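Engineer: Chains as they are written, first to last, in PDB author numbering: chain LB, 52 to 153; chain Lm, 1 to 92; chain ST, 1 to 82; chain SX, 33 to 82; chain Lf, 1 to 112; chain La, 51 to 99; chain SO, 31 to 151; chain SK, 32 to 150.
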Amino acid sequence: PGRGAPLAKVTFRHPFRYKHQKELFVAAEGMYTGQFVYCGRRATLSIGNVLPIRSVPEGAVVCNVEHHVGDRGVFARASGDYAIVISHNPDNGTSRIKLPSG
Amino acid sequence: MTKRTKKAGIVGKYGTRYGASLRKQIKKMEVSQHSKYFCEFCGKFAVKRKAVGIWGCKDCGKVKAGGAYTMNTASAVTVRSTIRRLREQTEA
Amino acid sequence: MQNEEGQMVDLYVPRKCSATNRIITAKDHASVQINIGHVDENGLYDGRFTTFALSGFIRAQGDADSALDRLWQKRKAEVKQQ
Amino acid sequence: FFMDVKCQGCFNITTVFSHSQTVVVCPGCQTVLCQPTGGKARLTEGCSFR
Amino acid sequence: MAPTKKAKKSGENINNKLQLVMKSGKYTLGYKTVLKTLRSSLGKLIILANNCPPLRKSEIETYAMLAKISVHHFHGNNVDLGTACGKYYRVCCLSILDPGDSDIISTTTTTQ
Amino acid sequence: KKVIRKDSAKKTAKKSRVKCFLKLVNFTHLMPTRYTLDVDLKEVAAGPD
Amino acid sequence: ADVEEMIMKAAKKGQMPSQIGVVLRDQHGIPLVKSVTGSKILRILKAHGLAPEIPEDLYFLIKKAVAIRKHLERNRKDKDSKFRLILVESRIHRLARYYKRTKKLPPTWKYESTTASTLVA
Amino acid sequence: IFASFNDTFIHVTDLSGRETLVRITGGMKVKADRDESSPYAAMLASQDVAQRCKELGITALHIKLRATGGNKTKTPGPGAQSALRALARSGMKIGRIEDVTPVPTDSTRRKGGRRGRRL
RNA sequence: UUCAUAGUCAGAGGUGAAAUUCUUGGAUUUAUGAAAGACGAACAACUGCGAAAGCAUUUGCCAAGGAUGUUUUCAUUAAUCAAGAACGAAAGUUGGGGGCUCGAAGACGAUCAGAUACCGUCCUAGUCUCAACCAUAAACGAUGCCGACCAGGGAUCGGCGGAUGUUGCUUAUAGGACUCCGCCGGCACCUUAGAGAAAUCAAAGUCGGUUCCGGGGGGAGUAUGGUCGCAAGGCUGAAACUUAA
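1) For Lf/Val21, count neighbouring Cβ atoms within 10 angstroms of its own Cβ and tell me buried if that reaches 16, exposed if not.
2) Would you mind giving the Cβ-Cβ distance between Lf/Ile46 and Lf/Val71, rounded to the nearest angstrom? I have them listed as a contact below 8 Å.
3) Relative to the alpha-carbon of SO/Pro85, which residue among SO/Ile122, SO/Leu115, SO/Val150 and SO/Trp139 has its alpha-carbon at the smallest distance?
4) Kindly indicate the opening and closing residues of the beta strand (DSSP E) around residue 204 of chain SK.
5) Would you mind working out which of SK/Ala98, SK/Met74, SK/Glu86 and SK/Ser68 sits nearest SK/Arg54, comparing C-alpha positions?
6) Does DSSP classify Lm/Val77 as helix, strand or coil?
7) Would you mind stating whether Lf/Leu55 and La/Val68 have Cβ atoms separated by less than 8 Å?
8) Shorter than 8 Å from the beta carbon of Lf/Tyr88 to some beta carbon of chain SO?
9) Start and end of the beta strand (DSSP E) containing Lf/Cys93?
10) Kindly indicate which three-state DSSP category Lf/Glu61 falls into: helix, strand or coil?
11) Are there three or more Cβ pairs, one per stretch, closer than 8 Å when the stretch 104–122 of chain SO is compared with the stretch 67–86 of chain SO?
12) Could you tell me the alpha carbon to alpha carbon distance between SO/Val53 and SO/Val63, rounded to whole angstroms?
13) Let me know if Lf/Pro99 comes out buried or exposed under the rule of 16 or more other beta-carbons within 10 Å of its beta-carbon.
14) Of all the residues that make up the stretch 117–128 of chain SO, which are near chain Lf by a beta-carbon distance shorter than 7 Å?
15) Would you tell me roughly how many angstroms separate the C-alpha atoms of LB/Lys149 and Lm/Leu86, rounded to the nearest one?
16) Contact defined as beta carbons within less than 8 Å: I believe SK/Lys62 pairs with SK/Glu50. What is the distance between those atoms, to the nearest angstrom?
17) With a threshold of 16 other CB atoms inside 10 Å of the CB of SK/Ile94, please say whether the residue is buried or exposed.
18) Does any CB atom of chain ST fall closer than 8 Å to the CB of Lf/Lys6?
19) What residue from SK/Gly126, SK/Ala73, SK/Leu52 and SK/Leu87 has the CA that sits closest to SK/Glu67's CA?
20) Please state whether DSSP places Lf/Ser40 in a helix, a strand or coil.
21) How long is the line joining the alpha carbons of La/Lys64 and La/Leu72, rounded to whole angstroms?
22) Shortest alpha-carbon distance to Lm/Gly53 belongs to which of Lm/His34, Lm/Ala68 and Lm/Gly12?
23) Going along chain La, which residues have a C-beta under 7 Å from Lf/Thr62?
24) Give me, in chain order, the residues of the same chain whose beta-carbon lies closer than 7 Å to that of LB/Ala79; leave out the 5 immediate sequence neighbours on both sides.
25) Per DSSP, SK/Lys105 forms a beta bridge with which residues?
26) Note down, in chain order, every chain SO residue with its Cβ under 7 Å from the Cβ of SX/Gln53.
27) Between the beta-carbon of ST/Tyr12 and the beta-carbon of ST/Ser55, is there less than 8 Å?
28) Once the 5 residues before and after Lf/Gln19 are set aside, which same chain residues still bring their CB inside 8 Å of it?
29) Give the DSSP bridge partners of Lf/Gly86, in chain order.
30) Along the stretch 29–63 of chain Lm, what residues have a CB closer than 8 Å to any CB found in chain Lf?
31) Mapping DSSP to helix, strand and coil, what is SK/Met59?
32) Quick check: SK/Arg140 and SK/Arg148, are their CB atoms within less than 8 Å of each other?
33) Measuring CB to CB, does residue 121 of chain Lf end up less than 8 Å from SO/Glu103?
34) Taking the straight line between their C-alpha atoms, what separation do you get for SX/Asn44 and Lf/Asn50?
35) Report the rounded CA-to-CA distance for ST/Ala30 versus ST/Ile24, giving the unit in angstroms.
36) DSSP three-state label for Lf/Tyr27, please.
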């Protein structure tokens with residue numbers, strides 16, 4: 052209700068202690084029950100997976116982008132929006148993203 | 001058609017009251033959701049709307065995110081295709 | 001260096017394999033006859049060729065247009081892969 | 033047309049049609065004969081017209 | 001077309017000779033009886049025509065392994081394989097046995 | 051594979067054939083994925099990748 | 031004259047039903063059967079033959095049409111943009127409507143089967 | 032010794048011509064134009080200008096720093112172009128090689144007559 | 001194009017001539033590097049292919065269709081067809097993503113008597129992608145679609161029958177092509193004699209099949225009603241009257 056678009060309920064089950072797991076992550080277009088979600092650095096480049104910009108190929112539309120690392124994701128949130136990662140290169144220094152405003 | 005001249009879908013919801021530019025759009029954009037849809041997993045003509053952007057197949061029960069009004073659309077399709085192409089160039 | 005490998009990658013043997021493929025590819029068009037090129041793994045051309053026609057002849061043209069100057073520049077390339 | 037052919041290996045004689053549609057197997061064992069192909073089947077047996 | 005170049009999907013000519021098998025086929029239609037026939041080891045080929053769920057594809061594949069089958073993932077839930085099999089077929093899982101014919105299983109024993 | 055959950059109720063036990071096929075197929079997926087890994091590792095240890 | 035020329039190089043009666051009649055029974059395929067043996071012998075089948083019994087033939091045109099239709103229907107449930115494709119699928123369905131004019135007047139079973147076969151194998 | 036090196040570029044637009052003498056490194060030593068002197072406009076579009084510019088550059092380029100060998104590189108056709116080169120000879124610079132290397136039209140494919148600017 | 005970095009000075013941009021614009025807070029022009037978006041130069045040809053609209057990076061995948069050759073099947077099975085139904089550029093429309101060059105309208109400068117005009121700068125939807133509409137274009141080959149016959153001539157592509165050896169590969173050898181003729185389908189030009197009003201066509205021929213459809217111009221592809229479309233509009237479709245064209 053707080054934004055009028057859907058979440059996908061994800062479990063997430065991995066261990067340790069502290070271990071932390073859960074929950075209702077932001078939906079992308081095309082996420083369905085029974086699809087796999089991968090969250091991290093060597094996640095597959097598939098819609099719905101989360102990973103650092105460095106790992107993403109240039110020219111791929113992304114959402115829930117961080118301002119700052121581990122803030123978990125700020126830019127591209129609202130319904131049908133997306134940022135576009137234009138540049139990287141192996142960019143040690145900077146990844147250039149275009150937000151939906153341009 | 002049946003007993004319908006112009007056409008309708010929703011248009012009774014307006015009645016005579018309400019008005020035209022907006023009526024060209026709104027039949028189209030509620031009714032395109034209403035259109036039984038074949039589930040991407042199973043294929044049966046099950047898919048129906050749970051909420052805005054939420055779609056669910058009655059037979060298999062697979063529930064999906066999608067456009068507000070529609071099960072899908074051009075934009076989602078394009079994004080998936082680009083991602084797949086990028087992964088394939090990297091694999092190379 | 002490694003970026004120069006990673007993008008160069010492999011040998012004289014892959015230049016030939018690459019030449020071979022562009023010659024198969026070509027025909028499509030009209031039928032005749034001239035152009036092949038292979039653009040590398042980073043950013044040079046391995047070579048450019050004078051062809052008509054065939055699988056052995058253009059591996060040869062590949063071998064030949066990969067003579068000294070072009071041959072040497074993959075040999076520089078390939079050494080940099082290390 | 034009609035064509036009498038003899039298997040070189042089999043050294044046997046057989047009669048096969050010209051430019052056949054499928055692979056021609058030696059009746060003696062099953063060695064290849066003429067081949068269909070990518071058209072115009074030709075061949076690899078020898079003789080003359082029957 | 002040529003070995004190294006231009007379009008080609010000629011493995012799909014399996015469908016033409018399968019339809020042609022199906023004509024007088026011994027066959028098996030639907031999971032409950034497909035399950036009876038694959039557990040009787042009889043089948044030599046199965047077709048799975050829907051984007052069948054992990055659990056519900058792998059069970060058919062394990063029966064295929066217990067039998068002596070090859071698994072054709074037609075998998076596109078349109079099911080135009082259903083044209084042959086009877087087009088009321090909105091979902092299709094299919095086993096092939098003695099059609100009174102059959103190079104078709106041999107034809108598709110090489111992939112493309 | 052019951053999670054069971056509980057009656058007297060309106061409950062929803064998770065489904066009997068499906069949670070054995072979800073374990074047996076997890077195991078039927080674990081045994082080839084282990085065998086392929088056990089093959090891939092046998093082949094990589096012997097010669098290539 | 032034509033036929034007589036072939037008789038002298040053939041075999042013709044008695045031998046031929048046995049030679050032909052294995053291959054039909056693995057499963058169907060009449061033009062394939064003509065392309066094996068014995069060569070001379072099977073050529074003069076059409077110049078002197080009734081022919082023998084089979085399941086299929088009469089079905090095969092319909093069977094093959096249903097067989098293509100079910101895969102084409104998948105690619106008419108993924109992306110509409112294949113505008114060339116819709117009238118490939120429509121052509122065979124509807125050639126089937128033409129075929130089941132002529133191979134419906136001589137015999138029973140064909141009338142009954144050929145409505146139903148459309149979409150179900 | 033004449034290592035003799037000084038790359039020269041001829042930059043063509045129909046309207047006007049300007050030279051920049053660069054080096055291998057990519058910094059620009061000097062450039063010279065029309066309009067450093069008075070005639071401007073439809074006095075620019077001249078080839079006379081291409082000469083004057085071709086020289087105004089050179090006279091420096093050479094006495095002080097002293098380049099001699101220089102590779103001539105030019106871009107597609109201006110009125111000034113031919114005349115640009117022609118003065119490089121009388122430059123008392125030894126022209127090393129001549130390369131035309133323009134930018135072709137190359138699939139700058141749009142309606143906005145992008146294509147036309149290029150030969 | 002944008003961003004960053006290098007270097008650097010008094011212009012640059014633009015045209016008929018100029019100005020708008022850009023411009024010292026260091027531009028532009030110049031070098032290298034990154035990201036994004038668009039398109040496929042060179043190639044691309046009297047050229048090939050799809051039913052048509054149309055379609056051009058190479059490359060990989062699924063799957064279709066027309067050539068041929070076979071003489072296998074139906075053995076003349078077939079053909080066209082109002083209604084029905086499908087596809088149907090661009091531009092418009094609508095949701096959502098992207099949004100670089102471009103770019104209506106609009107903002108302005110010059111012109112000029114006026115310019116809201118050509119010409120210049122700037123500029124948004126659009127251009128584009130996925131979803132979904134529309135049903136129209138000088139949708140043209142200005143030539144409906146089916147079949148038969150009736151002149152040749154230069155070669156173009158595909159295959160096919162080769163003939164013929166050689167490049168050239170490879171190397172038992174053979175095609176990719178090449179000297180080199182013939183067939184089959186399309187193409188187009190060059191190009192005929194009886195037709196066409198002639199221009200021309202060699203199909204627009206000589207006369208047979210079949211559908212649609214035509215009505216002197218303007219009024220008018222308009223009115224009104226029905227039908228489809230979100231709307232734009234489309235299909236459907238007259239008269240009063242006016243004129244000696």
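Beta carbons are placed, not taken as given, at the ideal position from N, Cα and C, and that holds for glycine.
Structural biologist: Put simply:
1) Lf/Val21 should be labelled buried.
2) About 6 Å; that satisfies the 8 Å criterion.
3) Comparing Cα positions, the closest option is SO/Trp139.
4) Coverage of chain SK is limited to positions 32 through 150, which leaves residue 204 of chain SK absent and any answer about it impossible.
5) Here the closest residue by C-alpha is SK/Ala98.
6) Here Lm/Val77 sits in helix by DSSP.
7) Cβ distance < 8 Å, so Lf/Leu55 and La/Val68 count as in contact.
8) Between Lf/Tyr88 and chain SO, the shortest Cβ-Cβ separation is below 8 Å.
9) Lf/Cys93: member of the beta strand (DSSP E) spanning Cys93 to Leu97, first to last residue.
10) Helix.
11) With the cut-off at 8 Å, the stretch 104–122 of chain SO and the stretch 67–86 of chain SO do not touch.
12) Taking C-alpha positions only, SO/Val53 is separated from SO/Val63 by approximately 6 Å.
13) Buried, since its Cβ has 16 or more Cβ neighbours within 10 Å.
14) Of all residues in the stretch 117–128 of chain SO, none has a Cβ within less than 7 Å of some Cβ in chain Lf.
15) When rounded, the distance between both Cα atoms is 18 Å.
16) The Cβ separation is near 6 Å, so the contact holds.
17) Here SK/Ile94 is exposed, its C-beta having fewer than 16 other C-beta atoms within 10 Å.
18) Yes, its Cβ sits closer than 8 Å to a Cβ of chain ST.
19) It is SK/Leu87 whose Cα lies nearest to the Cα of SK/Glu67.
20) Lf/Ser40 falls in the coil class under three-state DSSP.
21) Distance between La/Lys64 and La/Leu72, taken at the CA atoms: about 11 Å.
22) Answer by Cα proximity: Lm/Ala68.
23) Listed along chain La are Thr78, each with a C-beta nearer than 7 Å to that of Lf/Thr62.
24) Once the five neighbours on either side are set aside, the close Cβ partners of LB/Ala79 are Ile98, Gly99 and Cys114.
25) The partner list for SK/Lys105 (beta bridge, DSSP) reads SK/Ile41 and SK/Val131.
26) Within 7 Å of the CB of SX/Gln53, the CB atoms of chain SO belong to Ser65, in sequence order along the chain.
27) It is not a contact, given that the beta carbons lie outside the stated cut-off.
28) So the list reads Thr83 and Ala84, once near-sequence residues are dropped.
29) DSSP output for Lf/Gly86 lists SO/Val150 as bridge partner(s).
30) For the stretch 29–63 of chain Lm, which is checked against every Cβ of chain Lf, the residues closer than 8 Å are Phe38, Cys39, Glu40, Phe41, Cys42, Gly43, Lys44, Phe45 and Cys60.
31) In this structure, SK/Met59 counts as strand in the three-state DSSP scheme.
32) Not in contact: SK/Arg140 and SK/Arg148 (Cβ atoms no closer than 8 Å).
33) An answer regarding residue 121 of chain Lf cannot be provided, because it is not within the stretch 1 to 112 covered by chain Lf.
34) Going by the C-alpha atoms only, they are around 53 Å apart.
35) Near 14 Å, if we compare the C-alpha coordinates of ST/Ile24 and ST/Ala30.
36) Under the three-state reduction of DSSP output, Lf/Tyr27 falls in the strand class.
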